[PDB]
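So the structure is just underneath, and the comments pick up after that.
Chain identifiers are assigned alphabetically (A, B, ...) following the order of the sequence lines, protein sequences preceding nucleic acid strands; residue numbering begins at 1 within each chain.
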Amino acid sequence: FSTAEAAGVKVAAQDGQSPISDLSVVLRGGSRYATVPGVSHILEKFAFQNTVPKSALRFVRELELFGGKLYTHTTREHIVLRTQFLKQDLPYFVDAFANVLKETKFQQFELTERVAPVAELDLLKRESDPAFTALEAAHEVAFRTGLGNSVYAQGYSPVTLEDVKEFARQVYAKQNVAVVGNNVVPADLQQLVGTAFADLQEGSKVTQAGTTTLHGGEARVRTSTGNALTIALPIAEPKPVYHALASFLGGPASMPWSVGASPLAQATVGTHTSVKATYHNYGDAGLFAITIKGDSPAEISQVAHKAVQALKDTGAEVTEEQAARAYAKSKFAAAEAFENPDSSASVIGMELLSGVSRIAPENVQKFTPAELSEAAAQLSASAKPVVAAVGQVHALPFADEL
Amino acid sequence: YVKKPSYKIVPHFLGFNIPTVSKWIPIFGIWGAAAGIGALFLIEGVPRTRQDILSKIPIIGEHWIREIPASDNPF
């Protein structure tokens, strides 16, 4: 991805040999910057609504003639708007993004009838998975605000058209916009973005209201639709070793009809439960989480104990074999993330919008058994463990029990 | 590189356009035949229908040329 600048907008593109191009606008407008709860989700859903040059209807009908597709999502850090089309149709897609950023008519009926109902279905579909709920709850406990804001719009706190219009006035500005083109000729994209995004406001960098503060605690989301438990450990100094540790501890199987050879995978034997360790770097803080879902609260509780033990055991001693297995599983995870268009766009988006150079999968550091065990030790000896229980919460573990 | 999709709006009225209607033109034809055959069949008994239409059809037309003998007709 050759990083450049076109009319004040950061543009990164990588040419390829495929008939298919992906163009993504990455906006510094994720939930950590949200003025009011849920606004970044609503703004994401307001993309490709009516603009002054082109109605939502006309856009969709023309997109179908090009056979293009549209993908949007919100993270804690970004809003990503991606289009996938044939290489030759690049000018159309550039101009469409320009219309969205410059000329969206944010109309009250769109909010009530189109945008908000879709945002509500989006959330309900996500929450069908109790593990999603548990990991969201865990970030809320760990960070409270900023990273602790909900990513998605919720019914208890309504977003108004004035809220969304104000946030869009901040976010849709040259300072908060990065363009990322997969299988796009880099010189051609710079020329088109340079003409199309020239009259976009310059604006200012959107910022998190307040510094990131870490907290421990418990969340007990009582649902009737499945059981899960997250054990998170907030990290004050994000370090790349936690990637290796997440992949080492593992959890999912690498093979059909198997349990797996990872410590967390082996914690689930005899139970219909799954587990997954994940590490989330957010630049200035991090979150190391282990999520366990299952149908039985008794089994979840059983695995939860084994999971915290696994982490303690890792803090004791890692073998050389296990450290190499961690390097391998981690390089692989990095590679596939740089391939997946959704995650790819945000990775380069972070490089362009912040200044955090991407770590290429081929440059993923190999951590010694010493470095891995030391990382696990800090986590086992955390002053601020977070535990989010979802489901039959009376039957799930508590932080002090773990 | 393509800047714009290539299309026109065809003339339309009441949600009909010429491409669609043109596909149904033959169907109107057959329904018209069905209605013609049906109508003619319904009035086959009317003497004027026989006199003016049916008796004039070649070969078949003699089916409708029938005379009552003068000996058998009170009127």
*Could you walk me through whether A:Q14 and A:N183 pass side chain to side chain contact (heavy atoms under 4.5 Å, CB included), step by step?*
CA-CA 6 Å; A:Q14 181 173 58; A:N183 176 70; over 6 Å; no
*Please test A:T72 against A:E44 for side chain to side chain donor-acceptor pair (under 3.5 Å), starting from the C-alpha separation and ending with a verdict.*
CA-CA 7 Å; A:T72 66; A:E44 176 233 322; 2.6 Å; yes
*Going by the angle between their ring planes, with limits at 30° and 60°, are A:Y92 and A:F59 parallel, tilted or perpendicular?*
parallel
*Is there a donor-acceptor contact under 3.5 Å linking the side chains of A:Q208 and A:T212?*
yes
_Below 30° counts as parallel, above 60° as perpendicular, anything between as tilted: where do the rings of A:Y282 and A:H280 land?_
parallel
*Tell me, with the steps shown, if A:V25 and A:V180 meet side chain to side chain contact (heavy atoms under 4.5 Å, CB included).*
CA-CA 6 Å; A:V25 167; A:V180 182; over 6 Å; no
_Side chain A:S258, main chain A:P256, donor-acceptor under 3.5 Å_ = yes
*asked:* Checking side-chain polar atoms at under 3.5 Å, does A:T368 have a donor or acceptor matched by the opposite partner on A:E371?
replied: yes
*Between A:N50 and A:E110, is any side-chain donor less than 3.5 angstrom from a side-chain acceptor?*
yes
_Once you measure the plane-to-plane angle for A:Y152 and A:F132, does it fall in the parallel (<30°), tilted (30-60°) or perpendicular (>60°) bin?_
tilted
*Measure up the A:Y279 and A:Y242 rings against each other and bin them: parallel (under 30°), tilted (30 to 60°), perpendicular (over 60°).*
tilted
*Please work out whether the ring planes of A:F1 and A:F338 are parallel, tilted or perpendicular, with thresholds of 30° and 60°.*
perpendicular
*Answer yes or no: is there a side-chain heavy-atom contact under 4.5 Å between A:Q201 and A:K174?*
no
*Hey, are A:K54 and A:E62 close enough for a salt bridge, meaning a charged N less than 4.0 Å from a carboxylate O?*
yes
_Criterion side chain to side chain contact (heavy atoms under 4.5 Å, CB included) on A:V259 and A:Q266, from CA distance to verdict_ = CA-CA 7 Å; A:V259 127; A:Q266 283 290 326; 3.8 Å; yes
_Closest approach of A:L23 to A:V179 (non-hydrogen atoms, all atoms of both residues)_ = CD1-CG1, 3.8 Å
*Looking only at heavy atoms, which two atoms of A:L353 and A:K205 are closest? And how far apart?*
O-NZ, 4.0 Å
*side chain to side chain donor-acceptor pair (under 3.5 Å) between A:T51 and A:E103, intermediate numbers included*: CA-CA 5 Å; A:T51 68; A:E103 281 121 14; 5.8 Å; no
*asked:* For a quick check under 3.5 Å, do A:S373 and A:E317 share a side-chain donor-acceptor pair by atom type?
replied: no
*Between B:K4 and A:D95, is the closest basic N to carboxylate O distance under 4.0 Å?*
no
*Report yes or no: does A:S343 contribute a side-chain atom to a donor-acceptor pair with the main-chain N or O of A:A337 at less than 3.5 Å?*
yes
*asked:* I'd like to check the ring-ring contact (aromatic ring centres under 6.0 Å, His included) partners of A:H73; sequence neighbours left out, ordered by chain and number.
replied: none
*asked:* Test salt bridge (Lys or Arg N to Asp or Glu O under 4.0 Å) on A:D284 and A:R32; report intermediate values, then the result.
replied: CA-CA 12 Å; A:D284 64 328; A:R32 78 180 309 174; 2.9 Å; yes
*Under 3.5 Å donor-acceptor, A:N176 side chain and A:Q170 backbone*: yes
_Is it the case that the side chain of A:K384 and the backbone of A:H215 share a donor-acceptor pair, with hydrogens and angles ignored and the cut-off at 3.5 Å?_
no
*A:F85 and A:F93 aromatic ring geometry - parallel, tilted or perpendicular at 30°/60° bounds*: parallel
*Is A:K87 salt-bridged to A:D188, cutoff N-O under 4.0 Å?*
no
*Given A:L233 and A:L287, is the side chain to side chain contact (heavy atoms under 4.5 Å, CB included) satisfied, shown in steps?*
CA-CA 6 Å; A:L233 316 134; A:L287 189 85; over 6 Å; no
*Passing option when A:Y33 is tested against A:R28, A:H78, A:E77 for side chain to side chain donor-acceptor pair (under 3.5 Å)*: A:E77
*Go through A:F46 and A:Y172 one step at a time and tell me if the ring pair (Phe, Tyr, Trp, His ring centres under 6.0 Å) criterion holds.*
CA-CA 12 Å; A:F46 239 113; A:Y172 287 176; 9.6 Å; no
*Tell me, do A:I348 and A:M350 make a side-chain contact under 4.5 Å, heavy atoms counted?*
no
*Among A:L229, A:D295, A:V275, which one satisfies side chain to side chain contact (heavy atoms under 4.5 Å, CB included) with A:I300?*
A:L229
*For salt bridge (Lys or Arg N to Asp or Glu O under 4.0 Å), just list the numbers for A:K366 and A:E320, CA-CA rounded to whole Å, side-chain angles, deciding distance to a tenth of an Å, and then say yes or no.*
CA-CA 11 Å; A:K366 202 199 158 301; A:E320 191 56 70; 3.3 Å; yes
*Taking NZ, NE, NH1 and NH2 as the nitrogens, is one of them in A:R76 or A:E136 under 4.0 Å from a carboxylate oxygen of the other?*
yes
_A:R169 with A:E162: basic N within carboxylate O range, under 4.0 Å_ = yes
*asked:* Salt bridge or not between A:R325 and A:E321? Use side-chain N to carboxylate O under 4.0 Å.
replied: yes
*Examine the side chains of A:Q378 and A:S382 and answer whether a donor and an acceptor come within less than 3.5 Å of each other.*
no
*Any side-chain donor paired with an acceptor under 3.5 Å for A:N340 and A:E336?*
no
